[PDB]
Every structure is written in C-alpha cells, then in structure tokens.
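**Q** Pasting an experimental structure with its sequence.
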Amino acid sequence: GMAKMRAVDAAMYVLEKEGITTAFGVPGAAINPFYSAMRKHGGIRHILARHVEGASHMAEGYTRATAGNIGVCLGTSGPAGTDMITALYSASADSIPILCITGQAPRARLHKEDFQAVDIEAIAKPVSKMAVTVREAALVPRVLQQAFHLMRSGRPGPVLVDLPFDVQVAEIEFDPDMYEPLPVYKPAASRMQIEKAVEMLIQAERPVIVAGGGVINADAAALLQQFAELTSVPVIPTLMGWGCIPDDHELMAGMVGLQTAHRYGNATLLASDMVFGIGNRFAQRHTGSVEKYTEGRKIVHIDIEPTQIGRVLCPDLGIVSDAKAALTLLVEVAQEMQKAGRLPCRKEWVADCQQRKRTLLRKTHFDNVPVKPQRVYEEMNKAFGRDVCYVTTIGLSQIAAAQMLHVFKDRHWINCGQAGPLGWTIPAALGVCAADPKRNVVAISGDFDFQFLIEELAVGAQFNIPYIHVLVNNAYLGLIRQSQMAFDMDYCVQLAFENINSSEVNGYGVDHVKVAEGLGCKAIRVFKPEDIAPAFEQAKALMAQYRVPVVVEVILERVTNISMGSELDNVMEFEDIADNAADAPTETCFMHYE
Amino acid sequence: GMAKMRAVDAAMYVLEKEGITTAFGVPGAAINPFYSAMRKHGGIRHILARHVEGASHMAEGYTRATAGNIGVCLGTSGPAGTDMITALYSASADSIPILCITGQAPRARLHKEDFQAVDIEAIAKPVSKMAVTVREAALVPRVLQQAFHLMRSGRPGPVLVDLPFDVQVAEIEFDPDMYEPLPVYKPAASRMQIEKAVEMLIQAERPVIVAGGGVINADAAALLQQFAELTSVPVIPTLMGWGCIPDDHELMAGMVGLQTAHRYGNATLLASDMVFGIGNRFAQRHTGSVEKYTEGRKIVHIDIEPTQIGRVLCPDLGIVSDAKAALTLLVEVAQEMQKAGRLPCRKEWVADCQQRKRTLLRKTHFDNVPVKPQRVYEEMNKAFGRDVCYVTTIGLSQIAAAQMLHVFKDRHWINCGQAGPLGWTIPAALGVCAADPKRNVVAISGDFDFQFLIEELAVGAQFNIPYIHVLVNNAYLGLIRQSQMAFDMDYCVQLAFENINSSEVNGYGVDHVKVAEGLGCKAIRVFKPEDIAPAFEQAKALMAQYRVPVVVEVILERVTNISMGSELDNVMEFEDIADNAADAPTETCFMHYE
Amino acid sequence: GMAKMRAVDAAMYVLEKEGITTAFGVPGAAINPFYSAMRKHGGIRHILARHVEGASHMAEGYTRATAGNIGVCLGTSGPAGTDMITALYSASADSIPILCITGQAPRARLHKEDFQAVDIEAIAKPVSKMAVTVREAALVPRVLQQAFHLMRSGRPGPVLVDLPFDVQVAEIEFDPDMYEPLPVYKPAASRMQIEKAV
Ligand SMILES: Cc1cc2nc3c(=O)[nH]c(=O)nc-3n(C[C@H](O)[C@H](O)[C@H](O)COP(=O)(O)OP(=O)(O)OC[C@H]3O[C@@H](n4cnc5c(N)ncnc54)[C@H](O)[C@@H]3O)c2cc1C
Ligand SMILES: Cc1cc2nc3c(=O)[nH]c(=O)nc-3n(C[C@H](O)[C@H](O)[C@H](O)COP(=O)(O)OP(=O)(O)OC[C@H]3O[C@@H](n4cnc5c(N)ncnc54)[C@H](O)[C@@H]3O)c2cc1C
Ligand SMILES: Cc1ncc(C[n+]2csc(CCOP(=O)(O)OP(=O)(O)O)c2C)c(N)n1
Ligand SMILES: Cc1ncc(C[n+]2csc(CCOP(=O)(O)OP(=O)(O)O)c2C)c(N)n1
Ligand SMILES: COC1=C(OC)C(=O)C(C)=CC1=O
Ligand SMILES: COC1=C(OC)C(=O)C(C)=CC1=O
Ligand SMILES: COC1=C(OC)C(=O)C(C)=CC1=O
Ligand SMILES: COC1=C(OC)C(=O)C(C)=CC1=O
Ligand SMILES: [Mg+2]
Ligand SMILES: [Mg+2]
Ligand SMILES: [Mg+2]
C-alpha cells in the first residue's frame, strides 16, 4: 500500500494503472530518473528510436493501430521536446492522443539559461490539449491522471508533460492500490435529436452517409455498418473514416474529394440530395468549395465537438454526440422505423450508385517499363490479404494509393491525413507493429518521404520488428512537381544524381537497397512490372526468415500526373481512365478479396 | 524603377539587397510562389535538403561560418514550420540568426481547418526574435526589412516569416532602387566605463580574460588578441569563444568548465583573482556553482544585452556594449596606459599559467585495439592543417573532441553549444561548406548523432559538397551511458545488433560504410589506431577525386568514460592523465601546427 | 421551429435555454447588434452599469448569490474588454463563472489597427477557462453551448466570448426547439475511496 517513493516511481504505477505497456523514446541526462523508475518497475517495453521525431511518430502509429491505445514518447530536455512538436501537431490535427514526456532543468534554474533548457510549455501549447511543466513532485501522478482524462474525453488530442529533474527524484508518499483513472467525458445525443435525424433521412430520396474518423475514434464501425444496412443507405468514408465499412460491401460507395477520391464517389455525392455526416468534419480537401458540395442537399452533422459544427458550412441539423452513443440510438430508432414499415425502399438509388462504381474507373494495369505507379497498387491488392493494414503519409505515392488500394477493416488505413509530415511512414509502421505483432503491416512511401527518417529502419532491425515497406521511387518530389505545373516550372524538386557507388540505379541518386541493407534490413529492387508480384512473395519469405523490415523498391517512370482538381466536378484525369475490369482488375466489384 | 510585381518578387529584390545569395529548403504547394519568384530572379543558389530539419541546420552552419552571413531556410505550410522549431531554438540559444520562411494557407482560411495549416506564429514565438504571419502583400518587403534589422541588432537571434499563399501572389508596386536596409542597433561602452574596467584590471595581480561567443559575434577576434597582448593577460575562451585567439598563442590559457575543458584551464581559473569577461555569459556548464567560480575574484562582464548582466552572478562591473566597440576602446585605453608606464608587468603570473598548461594533461596516445577515442583526436590534430574548421554537436565524441582538438582561427569551431540537437552535424557542415567552398571542413560525430539526419549525406552527393566526416562508433549513446552510472544502470542506451548483411561490423549494428555509400558518398572504416592516419590521407584524396562527403568511421571500444565533474575543482579523471608530451603529443606546447 | 435569424438572435435563444434572465453591461457601437437582439427577444433584464468594471463585478455577485446562477457582463470592443480582466481574474481565482461578451471589429479588419480593436482573446486567456473570438456566425450558438459546459463542469471558471460585428449580424438557420444544453462533467468518488476516508 502506502509507501515513500520517488515521484517517477509513482508515475510508473499510474502509467501501469492507465494501461500503458509500451514506450518509444530517446534517453538523456535530464530524463534519466524516469528511465530508472521504468527499469525498476518492469512491464513497460521501451523501444529506442534513432531520432526523437521517430519516437514521436511511433507513438502516433501505436495509438492509431487499436482502439484505446495511447502511444507514449519519451525524451530529454531541450531539443528533444522541440523535436516532438511535429508529432503533437499531427496527432492534434487528426483528433488522436499521444503522451509526450520530457525531462527538464531543475525548478530553481528554469529562468536562468541552463544547458539544454527550453520553454517547451509555451512552444507546445498550440498543438496539445495540455502542455504543463510539473512544479511539485506530489503533482506528478495528478497531472498524469488529468492527462489521461483529456486524451480520452471530448475531441481527443495529445498531452505533453514536462518534468524538472528535481521534481522527478523528489520523495513522495503514494498508494498505488488507491489510484483510479478519472471518468471519461463523452456527450450523448438525445432520442429527440436522433428521431429528427432519422426523419430527415427517411424524407431524402438519394441520401448518402459520410462516415468520418470520429466513427473509428469511437470504436463504432460495426454500428455504422449496421445502421447503413438497416436503412439501405450508401456509405462514403472520408480518408479518416476509410475502413469503417468494408470496401467490398454493397453499400460502400467510394471516397469523395479533390485528391484521395474515386470518380464514382464524387459522382455519387453530386447526385445525392442529402449528406448524413457522422464523425466527419467537412475538410476542404473533401468538399472543395462548400457552396458546390452542399448544393441541393440537406446536411446532417454529428460531432463530439460543438465548435466543429458550423465551422465550414451551416448544417440543416447539427448534433453534439460521441459517434458510438449516436449510432447506438440510430440503430434502435431505425429498427423501430423498420418494424413500423416506415423505412423507404432504396433499390433504385443503390443501383445508380453501383452503376457509377462499376463504370467510372481509372486504369491500373500498365505493362510500361519504366513502371507506372498505378500498376504497383494493383499488384499490392493481389499480393496481400484482406487483413492487410496499410501505413502511409503524403505524396503522389499516397494519393494514388488511396485512389487504388482497398481496405476491409477499421484501423487498416493508418494515415496522418491532416498534417502529412514527411518521414512519418517508417516510424508509424513500427508503432503499429509494436501495438499488434500479428498485424499484416504494409507501408507505402515515395523516395523523399522514405529518406526523411530512413534511419528508423535500424530500429526495426535492432528489435526485430517485421513489416513490408513498398517504396515507389521516381527520384522526384512528385507531388510538388505536379503542383508546380501551374507556375510553368520544374524547380528544386528533383533528387536524381549519378551515384558514384551504383551505376545500376541509372542516375536515380540514392541506392535504397544499399542503405536499407546497411541499416540491417532486407531489400529488393524491381524494374519491370511483371517482377513486382514475385518480389512481394520473396519479401514475405525474407520477412518470416529474418524478422526485420523488408523494403521492396519499385523504380517508377520519372513523371506521372495523378488525378486531382479544385472541385468535385473539376477533377482532371491525366492518365487513362477505364470503364472495364481489364484496365482496373482489382476493384472489389471484379475481384474477391481473400 | 517602380513596377507592379508579386509580393514574392519584391521579396527577392529585398533578399538580394540584404546580401542573401544562398537558401536551403524543401518546396511545397503553399510556398511554390516564393520558389517561382526565386527562379525568376536568379542569383540565390538553392540547396534542396532531404529533411526540413536538415535545411534549418544548414542555415545555422551557413550563418556561423562567416561574419555577417545569414542562412535562409525555406519550407511549406504545416509540418515544415514545426520541423524548424529545433533550429530556431538552437540559433536563439547561441545568439545567432537564421531566417526561416514558410508558406501558409490563404488569409481567409487561417482559422478554418485548412489542410496542413498550423499556428506557427504562436509555436515559434518562444524561440525567435520575431515570428509573424504577414497579413498584407505590401507588408512583405517591410517585414523582411524589420527582420534583418533584428537579426543583426542587439543580441542576435532568428526570425520566422510566415507567408499566406494569397499574400505571396498578390500584386504590389515596388521600386527596388529605393530599398535600403535599416541601420543596425549596437550600444557602445563609454570611455568612463572602459577606463574603470582597465583600472580594475591593472589592480588585479592574477587576471584572466574570459572571451565568449560575443567576441566572435562582433567580428572582434583580432582586437581581443591585441588587447590581451598589450596587457599581457592570459585568455580563457568559452566553448563559444574558442578560436578568437589561436590555441598556440602564448597567452591562450585553455578552456574552463565541467566538461569541454582542460585541467590546466580550470586550475588557472581557480588560481586567478579576476575574471575579465568579454562577450561571455556565465553559463552553468562553464561555472559550476557560481559561489565557487567567483570566490576571491573580481568579476567584470561586458555584454551587448543588459538583462544578461547579473543573470547568474553579480559582477563587480557590468557594461552594456557591443564587443567590437568595447574592444576598440579597450585597446586605445591600454595603449595610453602603456605610454604612461602604468601597465604592470605580468611575467610571473603568465609563467605560472604556462607551467600549468605544460603539466596538467590527459593521455591521448593509446595503442589499444579496439581504438580509444582520445587517439582519434590526436590523429586529427596531426592529419589536418592549422586552417582546419571543425563541426560538431554533442556526446562523448564532442566533449573529448573539445578537450583534445585544437583550433587557430575564429569560426573554425562550429558547435551548437547551448541546445545541442542530435543530427545537427551533417547539415551544419554542409552549410559551412556552402558558405565557403575553400574552407577545410572536418566534422566529428558519434554514431547516434550521425544517424539522426544521416540522409543529408545525399545532399552532399547530389550537389558535390565535399568535406570529411569523422565518425567515432561505440554502438552506444555514450554520454547517456556515462550519466546513468549515478543511477547504477545501463538501460536503453545501446545500439548494437548482429547486422544480418554485415558480419564484419561484429555486432556493432548499423553498417555506416554501406549506408554512406548508398547515399552516394565515400566511406572508410578503421579498426586499428595505426590505420587512422592513412585513412585520413585516403579520405583527402577521395574527396579531391569525387568531390562528395567522405566518412571515416573509427570503431571504438564500447565503453570509455570522458573526464567531467560537477565543479571546476571536482572534475573526475577516469582515463589516464599525463604530465609528459609522449602521452599527449599534440598539445600546442609540444607540436608546431602547420 | 427552424428560421432565418441573425447570429445574435440565435444567441438570445441559447442564453434563454441555458437559464440566463439578467445581464449587466455598457453598450457600444460594436456590440449594438447583440443589444438589438436582446431587446427584440425580451426577457433578459439589462442593468446599465456606470463603469464596465462595475458591470463585471455585478456579474460576479449575481453568480455567487445562488447556486446555478451565471452572471452575464456585456461590453463593446477595445477598452471594454480590458476593463473586464480584473473580474475574470477574480472569478477564476475563486472557481466561479461569469460569462463576458464583448463586441469586436469585423473579421476582415481584425489585424488592421481598426478603431477600438484589441486582441482580447490573448489578454483574457490567462484568466478564463475559455476566451475566444468567434469567426463564423454559425458558430455563435455552439461557442455559447461549449461555454456553459465549461462554466459548470470540473473546476468552474469564467468564459469570455468576443463577437466581430459582421459575425453578429450575419444570417444563419437555427432551430431553438432543437437546442439542448450539454451535459455537465463532474467526477464522483468511488465507494473504495470514501470507505478509506471514513
Ligand atoms: C495529400 C492528401 C490528400 C487528401 N485528399 C483528400 C480527399 O480528396 N478527400 C478527403 O476526404 N480527404 C482527403 N485527405 C484527408 C483530409 O485532409 C482530412 O484529413 C480528412 O478528410 C478528414 O476526415 P474527417 O472529416 O473524417 O475528419 P477527422 O480529422 O477524422 O475528424 C472529424 C471529426 O471527428 C470528431 N470526433 C473525434 N472523436 C469523436 C467521437 N468519439 N465521436 C464523434 N466525433 C468525434 C472531431 O471532433 C472532428 O470534428 C487528404 C489528405 C492528404 C494528405
Ligand atoms: C556537452 C556540452 C558540454 C559543454 N561543456 C562546457 C564546458 O565545460 N565549459 C564551457 O564554457 N562551455 C561548455 N559548453 C558550452 C556551454 O553550454 C555554452 O554554450 C557556452 O559556455 C556559452 O559561451 P558564452 O558564455 O561565450 O556564451 P554565448 O552563448 O556565446 O553568448 C554570450 C553572450 O554574448 C552576447 N553577445 C551577442 N552578441 C554580442 C556582441 N556583438 N557583443 C557583445 N556581446 C554579444 C549575448 O548577449 C550573450 O550573453 C558545453 C556544451 C555542451 C553541449
Ligand atoms: C516536412 C514536410 N515538408 C514538406 C512537405 C510537402 N510535400 C508534400 S508531398 C512532397 C513530396 C513527396 O515526395 P515523395 O515522398 O518522393 O513522393 P512522390 O510525390 O514523388 O510520390 C512534399 C515536399 C511535407 N508534407 N512535409
Ligand atoms: C534530440 C536530442 N535527443 C537527446 C539528446 C541527449 N543526448 C546527448 S548526447 C546523447 C548520446 C549521443 O551519442 P553518440 O552521438 O553516439 O555519441 P557518444 O556519446 O556515444 O560519443 C544523447 C541522447 C540530444 N542532445 N538531442
Ligand atoms: C533539383 O535540384 C536542383 C538543380 O539540379 C538540376 C539546379 O540546377 C538548381 C539551380 C536548383 C535545384 O534544386
Ligand atoms: C454483385 O456484386 C457487385 C455489386 O453489389 C451489388 C456492386 O455494386 C458492383 C459495382 C460490382 C459487383 O460485382
Ligand atoms: C538498448 O536496447 C535495449 C535492450 O536490448 C539489450 C533491452 O533488452 C531492453 C529491455 C531495453 C533497450 O533499450
Ligand atoms: C615556448 O613556447 C611554449 C609556451 O609559451 C611560452 C608555453 O606556454 C607552453 C605550455 C609550451 C611551449 O613550448
Ligand atoms: Mg533522418
Ligand atoms: Mg518521389
Ligand atoms: Mg555512440
């Protein structure tokens, strides 16, 4: 029971009681007492990163992988905290938590200029739900207790706790047996709100549900699918909702937006007369101009956060609610409406949506040498099972991936959709694998993304964390080249050079096979489209044999323009479209997944 | 003359008029208009980085390399700005400027949740002299004009300018012929202040001058040496003042502090009866407890910043002045005192200091296999010329390097002494080489530092920026291991693993030769101490031949405890000391440098 | 039912549903649309103060008198908000709420040195649970809805809502019949805790 211990020792009991089992971090002098308490306690597995930014993105991937997870990132004073800001921003922007813990200079030296001491509280405030330098040892467990309530409550977001060295080592009295986590705050919709929502949905003749990341955040994916099935309403996931209904479900109508979207998704949204928004916001990359997105449509919006409602457009009905509480009531009310014979039949509208999904395609089956990227994603759909979990960040790699890959369970698309920091992919994928060693993790990067934090592959080697990394290499910042076409230029976006150690990369610059191997991983390079599939097979075998990351690098043609535009009705198709399965053979309409 | 142009076009004329010729950066959609204006203008050479943090530390190295330089770092919106915070902190903490320029979302979308848009103004405020989102196109040249005044004036520090996309492209009328830079503010000491300072110096019987980074910041190194020569007063540089008097000068008395210090420097400081501080602050790693540092000593402190004076101790005489203005007057007053026969002879005190410098040494000449790090620095002193310019960051690598390497001109020790962010070394060294292609740049890293931003070597390959990187590899976070001895542990600090592609690294984990070669550079690995010198010779040859970075990796013994302690009189010597030149042959007392 | 109205008309329905019946204030040009909506709605009794600091402490006394009360303090842009800071500090310091509402310059002119315009959001942040300039008219009811949650939940404290003139007068669709106050967050001790204390 009650006993004298260091404040960091009480902190270990608190993290244990809050369900922490894993941490990613980089030790330093100012945070050694915490590491000492973590060693003495046991039962937190620590993974040492090779950049503090790598530890922070591993924590993000750990959070995102499984509902209720909270990744922990640990660092010393000074530059470790400033290296965590990009991750605090990324987690804040997507409404997910990580817990960052930094060492700090002793309290009495906070406003002197002590070595490697910085005002991390002020720097991190704009990108956290709480950022606090703890000023008393007895407050260390209470701040952690309040941190966990905030990471779980309302709109979730990250917390940074900054620990002065003397606060860490100071003795306190603490009783772990008496510690209890705080209740989680989550507002719930009333029946009056939900019956009104179902009333408007029954009155719409061509409705769609837009299912956002809040559905997954609430762990409500099964309820979302059940509600759509009862009402026979087609479902359009946002990028952050992707996976909350399987891609081969008859009601899954594609994705909508300016970039990570399908031609059939956009066409179905513009044909609809109602958008039933659950756990989405209405992001600019999803809507385009809001006047066009809402034209002729009733808009319902359910969000856990009151000030998200009305932020970018005025809904016809806005409801403050956790997505699981709201969907429980929506299923119950729809079941009552079904018993009463009041749910309209929707066979015609559903058939129109399925006809769009069958015909408005983009070509993937290219035999070109050098390889066209869209062929890579077709081969990934064939090579990996329906249980595949993809990890990606940003670039033409990621946009075409979202256009062409398919996903079948929630939290099998792991993507930092609002902030998009380059370098996220490798550490996030390691964090997913740490959360779930049985997860079939496959990452997608372009060459530039892959280079930012390439050193994290050695983390996978040192700790034997296996996954497959697909690397699509155009020796370009490809997304920025394509955006520069409006300025009639191609400037500071090329990565090619004659590699003095590798004439076999043919002027593409970095030799990613050699780099990955020096970092202790396995790697295969592919020049021809017919060699992609066997390469994925060797990679699975190499992964089982050595239990390290395996990189499959595909050498792309230098220049491919991915489909995108400024409005839902203005997306330009640069590459070939398709209206037949032979050109686009991995659409779920044509292919049985696993 | 006067003409209509985009605000970014006016920004190019302003940067030109302010002497900018180089930028380091990573383009993105939100900052494309600036890149378009930079392409159209010509005459700024852009170096594309492979991490935004790499661009920001390149800018720091460019600033530090040459007086009056200001490195420029360019990035897009969102995570690019958050990736610059560590560099803004590093530059702020050492009182040096960089100019960071980020793209931003259009003004009318700043408080919506636009894609990759973040409140970088609020995040960067604690670590900049100015951080401003520019809200009008006509203000773009005025903000840059005020930025340059602030980067040069008072205590220097960095500025971040955040540019909304619509502000960048908006047309304005601007006349480059009428643009003029603002005057620089620098307070100057009065003759009354300086005559009082010289009076106290003449009254001291055993004075030392402590010459800080402010002397170099003011470009006053030649005046500092001249003043010390006229007064015959021994000079103790801080780590940030190192190089402002040559290490082989008869008055250079060593360095003082808890870590980057000499046994003879500390012994000379504790024997002195006055510290004449010029352009230093009195940093905790330099002083230890201030009660012991000041015991029995008069303290003079000259600083350009009023609130630096008295911050950590109360000087007997504090003077607000730029170091060059103050040293001009100090030379003039000392010349008057010399003509008047009023400067005391100091042969005895100088002889005592030189006797300490001759006898209180640390051994470097180790024949051990595996190699002892101190032998590496002895070989670096022999291999490179007196014009060598070292670049380093932090770790046992850097601390022993500062204890054992020697430097002979100001701005030939390039070191982020207050913030110490891992990964700084490679990009800072590239920035020094970009500032001065004739500089003989040699970097020193440990393996962990080297891994953080290892991908930046490919920048050196793509652009042919040659320098030598000395990599001392213990497969450890060595400084953190040594600090963990107080907690009787060795925990989360090892980087070793059996590399499945390289049994020749013998369980040291990452194969840095293979990684460096895949990045397009050259690399040599050394296992035996007698092979270090030939390796430095091949590296010079490989560098001349291929004009890329050349890495020389020395395989160290896993565990070496560097000398350090908690007070000037409490530094523990773990490894062998020396009192004879055979054990420490590269001290300047024994070796003629070049 | 749902109807077109100004954002400030919707704010009156929200204040009504949240139980406000009284306000203490000093009008000015930048907060006139709010006063117009209060007058049209009726049923908030306004008491005119003879110093903005006096309205702000009237609001404190109104809160403290009766459990569940929330005093409301109204003022115009500029110095009216800076005159409310001492009350926001005093309410925060004692863990009690007041709701301060200030007028503000229109959004397009927020960083333009417009007459009597100040960054009250930044000034009031240290002494409030929330201090916010509302940047969309449709957000006015939602900001007020979150404010009442914050003033009642956890450790109570005050909120300042800052309303740009153009946000006040813009039209929105709002249904007073569908508005519902948010649930109040109040942690409870477990029986294991209370038995240990006894
Ligand atoms: C290059 C690139 C291109 C992209 N292209 C597109 C595109 O074409 N189309 C597209 O849609 N996206 C696209 N995205 C992603 C886009 O930027 C957004 O991240 C995404 O649209 C937001 O999804 P969402 O609306 O579900 O919001 P989320 O960020 O997932 O959040 C939605 C809401 O969930 C709420 N919430 C949180 N927890 C709960 C809970 N328990 N219950 C209820 N609500 C809760 C939050 O308050 C928030 O308002 C792209 C991203 C990138 C990097
Ligand atoms: C691992 C490690 C170990 C270290 N060990 C030591 C050690 O043992 N000893 C040691 O001394 N350092 C050590 N350092 C470096 C130390 O942390 C400080 O960076 C350094 O001591 C500060 O030097 P300084 O006093 O010259 O200050 P600076 O940071 O260089 O600044 C001094 C002053 O210059 C002023 N100034 C700026 N411009 C001008 C101008 N134009 N004119 C006049 N004044 C101006 C500023 O206002 C400031 O107050 C170590 C660093 C690391 C990373
Ligand atoms: C830190 C950071 N800097 C800049 C950007 C802007 N950005 C988005 S995509 C991109 C290029 C990515 O190139 P690569 O990963 O090679 O992918 P490709 O588009 O070529 O497939 C850049 C620079 C960003 N997202 N993050
Ligand atoms: C971003 C960041 N995280 C952590 C630290 C703390 N730190 C200082 S030195 C060090 C280990 C450096 O090891 P290496 O570069 O291998 O050098 P060695 O001490 O082994 O010679 C660490 C983690 C830091 N300075 N910066
Ligand atoms: C993409 O790499 C770059 C070059 O190489 C072609 C250049 O010549 C110039 C001027 C800029 C650049 O970024
Ligand atoms: C019969 O199964 C199929 C569907 O569901 C009806 C579809 O919607 C589409 C587009 C293809 C298909 O095979
Ligand atoms: C330094 O690498 C590490 C290990 O490997 C020896 C471990 O076993 C554990 C438990 C932590 C660790 O960081
Ligand atoms: C004669 O040159 C020399 C000195 O200067 C007098 C010294 O101070 C020392 C320590 C060695 C030396 O050779
Ligand atoms: Mg890196
Ligand atoms: Mg690319
Ligand atoms: Mg090391």
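**A** Perfect, thanks for sending it. Numbers count the residues shown, from 1 in each chain, chains lettered A, B, ... in the order given. Ligands and ions are numbered 1, 2, ... in the order given.
**Q** Indicate the residue of the stretch 251-400 of chain A located nearest to ligand 2.
**A** residue A:393 (32.4 Å; Cβ to the nearest ligand atom). C-beta here means a position set from N, CA and C on the backbone, and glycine is covered the same way.
**Q** One more: chain A?
**A** For chain A, Cβ to the nearest ligand atom, closest residue to ligand 2: residue A:115, 4.8 Å.
**Q** Quick one: classify that residue as helix, strand or coil.
**A** Classification of residue A:115 using DSSP: H, G, I helix; E, B strand; the rest coil returns coil.
**Q** That one: how many residues sit nearby?
**A** If you count neighbours by other Cβ atoms under 10 Å in any protein chain shown, residue A:115 ends up with 23.
**Q** Quick check: closest non-adjacent residue to it.
**A** Excluding the flanking residues, the one nearest residue A:115 by Cβ to Cβ, 6 or more residues apart in numbering or on different chains is residue B:285, at 5.1 Å.
**Q** again, but for residue A:242
**A** Once flanking residues are discounted, residue A:242 sits nearest to residue A:413: 4.6 Å by Cβ to Cβ, 6+ apart.
**Q** my guess is the one you found contacts residue A:243, does it?
**A** Yes: at 5.1 Å, residue A:413 and residue A:243 qualify as touching, with contact defined as Cβ atoms under 8 Å.
**Q** Give me the more crowded residue out of these two.
**A** Comparing residue A:413 with residue A:243 by neighbour count (other Cβ under 10 Å), the higher total belongs to residue A:413, at 27 against 23.
**Q** where does residue A:126 land in three-state SS?
**A** Under three-state DSSP, the three-state class of residue A:126 is helix.
**Q** Report the contact partners of it.
**A** Residues in contact with residue A:126 (Cβ atoms under 8 Å, 6 or more residues apart in numbering or on different chains) are B:118, B:119, B:122, B:123.
**Q** Grab the nearest non-local neighbour of the second one.
**A** Distances taken as Cβ to Cβ, 6+ apart put residue A:126 closest to residue B:119, at 4.7 Å, once the chain neighbours are dropped.
**Q** hang on, residue A:201 is in a strand, isn't it?
**A** No: Residue A:201 is assigned helix when assessed by three-state DSSP, not a strand.
**Q** Please enumerate the helices of the stretch 351-500 of chain A.
**A** For the stretch 351-500 of chain A, applying DSSP state H, counting those that start in this stretch gives helices covering A:373-383, A:396-404, A:425-435, A:447-452, A:457-463, A:478-484.
**Q** Output the ones you listed in a markdown table, with mean neighbour count and distance to ligand 1 appended to each entry.
**A** Putting those into a markdown table (neighbours: other Cβ atoms under 10 Å in any protein chain shown; distance: least, Cβ to the nearest ligand atom, whole Å) gives the following:
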| stretch | mean neighbour count | distance to ligand 1 |
| --- | --- | --- |
| helix A:373-383 | 22 | 15 |
| helix A:396-404 | 25 | 5 |
| helix A:425-435 | 29 | 12 |
| helix A:447-452 | 29 | 11 |
| helix A:457-463 | 25 | 23 |
| helix A:478-484 | 22 | 7 |
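**Q** List just the one of these that sits closest to residue A:522.
**A** Taking Cβ to Cβ, helix A:457-463 is the member of those nearest to residue A:522, at 9.5 Å.
**Q** and the closest one, how far from the chain's centre?
**A** Counting by Cα atoms, centre = their mean, to the nearest Å, helix A:457-463 is centred 22 Å from the centre of its parent chain.
**Q** Is that helix in proximity to chain B?
**A** Yes: applying Cβ under 8 Å from any Cβ of the partner chain, one finds helix A:457-463 in contact with chain B at A:458, A:461, A:462.
**Q** how far away is the second one from ligand 10?
**A** Applying Cβ to the ion, to the nearest Å, the value for residue A:461 to ligand 10 is 24 Å.
**Q** Give me the three-state assignment for the residue nearest to residue A:219 when sequence neighbours are not counted.
**A** Distances taken as Cβ to Cβ, 6+ apart place residue A:67 nearest to residue A:219, at 4.0 Å, with adjacent residues excluded. State at residue A:67, reduced to three classes by three-state DSSP: coil.
**Q** Can you get me a residue count around residue A:181?
**A** Residue A:181 has 13 nearby residues by other Cβ under 10 Å.
**Q** do residue A:445 as well
**A** Number of residues near residue A:445 (other Cβ under 10 Å) recorded here: 32.
**Q** okay, now the residue nearest to residue A:458 when sequence neighbours are not counted: neighbour count?
**A** Nearest in space to residue A:458, with sequence neighbours left out and distances taken as Cβ to Cβ, 6+ apart, is residue A:519 at 4.3 Å. The local packing count at residue A:519 equals 32, with neighbours defined by other Cβ under 10 Å.
**Q** List the contacts of residue A:519.
**A** Residue A:519 neighbours (Cβ under 8 Å, 6+ apart): A:454, A:455, A:457, A:458, A:461, B:510, B:511, B:515.
**Q** Relative to residue B:51, which of the residues of helix A:457-463 next to chain B is nearest.
**A** Checking the residues of helix A:457-463 next to chain B against residue B:51 with Cβ to Cβ, the nearest one is residue A:458 at 16.2 Å.
**Q** quick one: contacts for the closest one?
**A** Neighbouring residues of residue A:458 by Cβ under 8 Å, 6+ apart: A:50, A:519, A:520, A:521, B:451, B:495, B:509, B:510.
**Q** Take these and keep only those in helices.
**A** Taking DSSP state H as the definition of helices, the contacts of residue A:458 contribute residue B:451.
**Q** Now for the residue in the stretch 301-450 of chain A that chain B sits nearest to: which residues touch it?
**A** Residue nearest to chain B within the stretch 301-450 of chain A: residue A:421 (3.5 Å; Cβ to the nearest Cβ). Residue A:421 makes contacts with A:57, A:86, A:87, A:89, A:90, A:393, A:394, B:78, B:79, B:82, B:83, as judged by Cβ under 8 Å, 6+ apart.
**Q** nearest to ligand 11, of these?
**A** Nearest to ligand 11 among the contacts of residue A:421, counting by Cβ to the ion, is residue A:57 at 22.9 Å.
**Q** what about the closest one, which helix or strand?
**A** Using DSSP states H and E, residue A:57 sits in helix A:52-65.
**Q** Can you see whether that helix contacts ligand 1, counting any residue in it?
**A** No: applying Cβ under 6 Å from any ligand atom, one finds helix A:52-65 out of contact with ligand 1, separated by at least 11.0 Å.
**Q** Next secondary structure after that helix?
**A** Using DSSP H and E, the helix or strand that follows helix A:52-65 towards the C-terminus is strand A:71-75.
**Q** How much space separates the residue of the stretch 251-400 of chain A closest to ligand 2 from ligand 4?
**A** Distance, residue A:393 to ligand 4, using Cβ to the nearest ligand atom, to the nearest Å: 21 Å.
**Q** Looks like that residue contacts residue A:422 (just checking).
**A** Yes: assessed by Cβ under 8 Å, residue A:393 is found in contact with residue A:422 at 6.5 Å.
**Q** Much appreciated, bye for now.
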